[PDB]
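FYI, the numbering for the sequence shown is 14 to 78, 81 to 134, 137 to 1233, going by the UniProt record's numbering.
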Amino acid sequence: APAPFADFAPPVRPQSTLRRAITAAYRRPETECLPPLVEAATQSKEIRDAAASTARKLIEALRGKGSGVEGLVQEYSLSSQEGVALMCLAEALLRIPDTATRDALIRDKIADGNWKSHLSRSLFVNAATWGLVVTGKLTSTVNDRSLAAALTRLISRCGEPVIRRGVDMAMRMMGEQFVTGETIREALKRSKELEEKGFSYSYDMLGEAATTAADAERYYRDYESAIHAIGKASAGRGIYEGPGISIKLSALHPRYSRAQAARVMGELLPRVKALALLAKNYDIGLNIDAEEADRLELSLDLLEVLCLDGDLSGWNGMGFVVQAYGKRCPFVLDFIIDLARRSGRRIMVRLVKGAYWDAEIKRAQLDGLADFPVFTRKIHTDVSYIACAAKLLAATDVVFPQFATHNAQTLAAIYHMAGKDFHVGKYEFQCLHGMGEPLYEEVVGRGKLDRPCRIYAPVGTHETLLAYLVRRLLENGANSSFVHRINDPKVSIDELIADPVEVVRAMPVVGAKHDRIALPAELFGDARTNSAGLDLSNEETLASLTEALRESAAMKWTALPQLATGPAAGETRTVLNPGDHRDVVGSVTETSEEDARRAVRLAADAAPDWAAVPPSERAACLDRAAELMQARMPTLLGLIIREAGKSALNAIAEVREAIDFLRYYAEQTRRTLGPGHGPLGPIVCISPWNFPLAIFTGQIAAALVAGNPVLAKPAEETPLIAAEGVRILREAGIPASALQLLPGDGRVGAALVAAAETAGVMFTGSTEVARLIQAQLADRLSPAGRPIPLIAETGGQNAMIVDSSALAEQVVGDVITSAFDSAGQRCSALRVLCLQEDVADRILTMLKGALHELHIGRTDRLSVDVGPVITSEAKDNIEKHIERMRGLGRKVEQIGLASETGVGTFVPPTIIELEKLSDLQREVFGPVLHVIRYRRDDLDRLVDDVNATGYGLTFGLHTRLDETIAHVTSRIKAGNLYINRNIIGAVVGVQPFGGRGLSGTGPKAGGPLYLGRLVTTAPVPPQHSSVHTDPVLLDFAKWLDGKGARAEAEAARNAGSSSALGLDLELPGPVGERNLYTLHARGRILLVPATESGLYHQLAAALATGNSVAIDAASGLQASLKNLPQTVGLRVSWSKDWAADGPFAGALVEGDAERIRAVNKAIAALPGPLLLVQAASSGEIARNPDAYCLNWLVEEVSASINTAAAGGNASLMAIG
Ligand SMILES: Cc1cc2nc3c(=O)[nH]c(=O)nc-3n(C[C@H](O)[C@H](O)[C@H](O)COP(=O)(O)OP(=O)(O)OC[C@H]3O[C@@H](n4cnc5c(N)ncnc54)[C@H](O)[C@@H]3O)c2cc1C
Ligand SMILES: O=C(O)[C@H]1CCCN1
Ligand SMILES: O=C(O)[C@H]1CCCN1
């Protein structure tokens, strides 16, 4: 067998001193980056005065010489929404290729009546883009009902003339302004005018982010054909006077990433070389555009090989972008200048500020990394730019600097920095087509500054230009953007010519982080410290992780029955790597049923001593354990990789989740628990193999910090990481008597659950095992005669709905991740993709293409995307399903598996096309995506279909349309909703995780109601209240008063006020996301009363929390509820046969102890969901107004909305 981690992530090449200085700066603190940039960018007082004068002169020219859209809005008195709607209509009309056909539709159909009847795809799919054009503001989703009303209004008001003006306007903008031309030939024809004036061109073919091999091939042949046209047109003018091309490496390969570095060097590089050879033959420039920060250093390896490749010698046209908003920029320049010296190639270096800023902020926060790879104050980027220009200007003999900027202050600084000696070929400026020409017409030419400018010229169809136009608009359209500020009359020219170098120098703290951007560690402020991740694009990190992972694999991992009295003897067997059964990970000694029973008794004995540790100190143990897990993360990664079969990426996220659970439950403890919140007693924690550290730790930590001693029964498959979690918790101060580890199979779990002193059970696993546990617990009562609490999380049949407004590339990436990450072994994994019929074939084609780019194998290589499934039995169960579907004639797409997978248990990622959602009749816990199609008019029926399964865990929706968001999210019944992003990796305290129905009992893990289920008297969670009063509750209280039941009416009004139904919160989290948490009704609650007053109290509790009820007809209490108001009657039914009248969402039971036990067994016998049952005696109802706790009669819903999905972050446009 191959040695573990011997090939984890070797770099493309040994890292030179220059390359290592780049990596060293990746996330350097901002206060450390700025001082050397300030020094490098310093210029004399005389030069600064001259530069300020030149900048003022340029800005006065810019301001001395009204957009088309603004004139259109003015002429027709359009509101903003009308302007946006008009541009959307224009865009749609321009999708009609024949001019005479389009004009006939406008005259005969659009102008005179309903446009809706004439134009499967919303008119307003791209309204966020047109919103930026019309208003300058980015709104991430589209209010399509507002736009529809506006379009009707403006057409009914102004008719064909306004439609014609909109069409002509959109036609000009999309054919001449956002692009230089639709085709390279058209673009070239339109370039002669400014070339004759002294401009040059570099054509941007607008391709990026290939998703499939076919995409990458299409972008390749597009580049090749453009180079021929550009080279023919250049006609020997050379690389400075003549035109060139720009390419994006992400366009040329579907897996352009550090994780796939070997594929990039083997497959992407020869494609770039072939394009460069063609550029060399025509002697034109070929520029490599710069993209996301985690692609910078990878691109250097391609640049290095290309510049050293003798087949390309004699040609100085190779170019390369460096982004001055990046902390590595000067060190990258040092590397490039040296590469130019070694190779003798005069590398064309385009210095830009950078196009991906808000995405870099979000990504670093999501990944919990040490700092950002970009600056956070715009002025820091400006100083960086000028500092890097100084470095480039000192090396014009070996590189060709190209200063791409629309900022007249930046321009003037560099123009004077470069001095008096100039010749074409020394350096140039650059600008964007349709944006920079007003400024650079004051620069180019002997009558101006006599410096050349190359126009970066987009080329593409309407579809191509619209795909990432938002990101392009934000380059010059944010509050701190020069172009935005020059168009703001409230900004003086003096403000615009302010010298960023001197402003930064005089700051109290030079280089301070922006005050309004949280470091990833500080996302939650004073509440708790965010867990920290690891940057798998950082060579230093990969190198250190490689050694730590190797060392982890040499360790003799063990797991033992750890009782309160010490380790216990038992049957010992090895633990095998699921990706390679030859790889022995460790040894587990499993627990006898006798010792499991003994462990519960020991935990009961020790319960008072643990409950007496004050809550703040119990929370301090959790915080200490979180620190230990953070420090141990590399070793924990190795164990999770080898024992549980996970990728490094998923193992990092899992250790983060464990750390977050510990810190979250610690903080929630400090916010809530007091002397009156007594523990339940011994809690049995049964954890799954798919999150063998995170959910293991989460359940145990919550029970411990709530004051309960814990019996920890890890999954049979994954005992070693459990034993390590216990070692850490004990090292952090949890006493051995408070946390006992019982490895073994389900007999151990069953022995623990059945033990008389077990006071509560926390289970995450299959529905069938949860149901067996429920039946066990229904035999028992607490010493107080009350049901044993069960928290059971049990998976789902998770769907994602995609309509024709979603961006296919985004969908496919989110589907590939949601369905096949962790081999589909997440409970949150995407199981059914639902595609609107009109886009289903294109998305399916792209999805299948992306599927075949996945690398399946043993997960001790960074390049592996999908690892093994956990066991041979899991494998066999999944495969049986796939073959059953195949045998029914369903189309099945599968990746081929390499021969090396035979030593482990692997299922290839699979796509199965179904006719209807009901064709899927069992949860298939593997990498198996089912795809159905739906007509848009049947959307509401589809949501019914999703709900009808009875599950309700995770759910995804991809749409830009507010009406569709409102409709779907109001009708779906699931606990974790995700809008325009993947549906996996719920984040503790941000997406509290847990569902309803067949998916679980709740309360949500990583949410504020969790600890309260683990004590006998629940506290009031932080922020847990609602000002809204259920109106049916109010009608019931009035009915009670009319009947003379004045005590119960008062109790009803109190329940109405105490209810947190209607709670609606936004939780702190990363930028570019809105994370919402809301309390809803659970559904229909089964009421099993014994007395009239008990029934009234039960009804008050259920109604106050928004529920309907089914009242047990065998109570004989029908006469107690005569003449109900119709509003209340609508919510009330009587049930003789509880099994026929379900599913229920919870239950309230009244009776003595044996009545409660009998009803509990009867409820456990109901098919379907495990009900969260609350029981009370008649006397308890009389004595305790909280006898039925309202916490457990509401349903928690988490919704995470990717607000950056339109292409950028509106909120961050204000942050500079
Ligand atoms: C010819 C040309 C080629 C280009 N090629 C590329 C490319 O290959 N790769 C690429 O990434 N982009 C590219 N760009 C875009 C460029 O990087 C800028 O995003 C854009 O041109 C605006 O910058 P500026 O100097 O024109 O104007 P400015 O208004 O001076 O600068 C705006 C820039 O400031 C930065 N910024 C804004 N807010 C903050 C903040 N809070 N903290 C730190 N920095 C901030 C951003 O980078 C933003 O774009 C190119 C631009 C041009 C004109
Ligand atoms: O599992 C164990 O026994 C200890 C020793 C090796 C690493 N953890
Ligand atoms: O996979 C997820 O979404 C999170 C929630 C459950 C455990 N990890």
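Where is the CB? At the ideal position from N, CA and C, for every residue including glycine.
Local conformation of residue i per DSSP, three classes
i, result
"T591", "strand"
"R69", "helix"
"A34", "helix"
"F713", "helix"
"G98", "helix"
"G742", "helix"
"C1206", "coil"
"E1090", "strand"
"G693", "coil"
"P651", "helix"
"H270", "coil"
"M779", "strand"
"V941", "coil"
"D1154", "coil"
"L1080", "coil"
"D597", "strand"
"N667", "helix"
Assumed close pair residue i, residue j - CB separation to whole angstroms, cut-off 8 Å
i, j, result
"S316", "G259", "Contact flag wrong, Cβ pair sits at about 25 Å."
"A825", "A836", "Not really, about 16 Å apart at Cβ, beyond 8 Å."
"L1120", "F1053", "5 Å"
"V941", "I989", "With 8 Å as the limit, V941 and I989 do not qualify as a contact, their Cβ atoms being about 21 Å apart."
"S1195", "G1111", "6 Å"
"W147", "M102", "4 Å"
"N997", "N1219", "4 Å"
"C470", "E445", "7 Å"
"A1118", "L1210", "6 Å"
"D351", "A37", "In fact, because the Cβ distance is near 12 Å, the residues do not count as touching under 8 Å."
Best match in the options for proximity to residue i [C-alpha to C-alpha]
i, options, result
"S29", "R614, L758, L551, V349", "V349"
"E917", "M188, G596, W130, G436", "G596"
"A629", "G691, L679, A1179", "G691"
"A772", "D762, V521, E611, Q447", "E611"
"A53", "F1161, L31, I431, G198", "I431"
"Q340", "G153, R358, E308, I364", "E308"
"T197", "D221, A1223, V142, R181", "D221"
"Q447", "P455, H423, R463", "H423"
"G283", "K297, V322, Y257, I305", "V322"
"residue 80", "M1230, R1099, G812, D328", "For residue 80, nothing is modelled; it lies in the interval where the chain passes from 78 to 81 with no residues in between."
"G1185", "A1156, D1169, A37", "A1156"
"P27", "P42, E314, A1118, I172", "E314"
"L87", "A983, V151, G528, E785", "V151"
For residue i: DSSP bridge partner residues
i, result
"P475", "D221"
"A421", "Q447"
"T784", "Looking at the DSSP assignment, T784 forms no beta bridge with any residue, so it has no partner."
"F216", "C470"
"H397", "In DSSP, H397 forms no bridge with anything."
"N304", "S263, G336"
"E1213", "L1096"
"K730", "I703"
"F972", "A816, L994"
Whole beta strand (DSSP E) runs in the segment 1162-1202 with 3 or more residues, listed along the chain? Listed in chain order, they are 1163-1167, 1190-1193.
Contained alpha helix (DSSP H) runs [length at least 4] in the segment 329-363, N- to C-terminal order: 346-360
In chain order, what are the residue ranges of uninterrupted beta strand (DSSP E) at least 3 long that sit wholly in the segment 794-862? 807-810, 816-819, 849-853
Any chance you could list the beta strand (DSSP E) runs of at least 3 consecutive residues sitting entirely within the segment 985-1025, in chain order? 993-996
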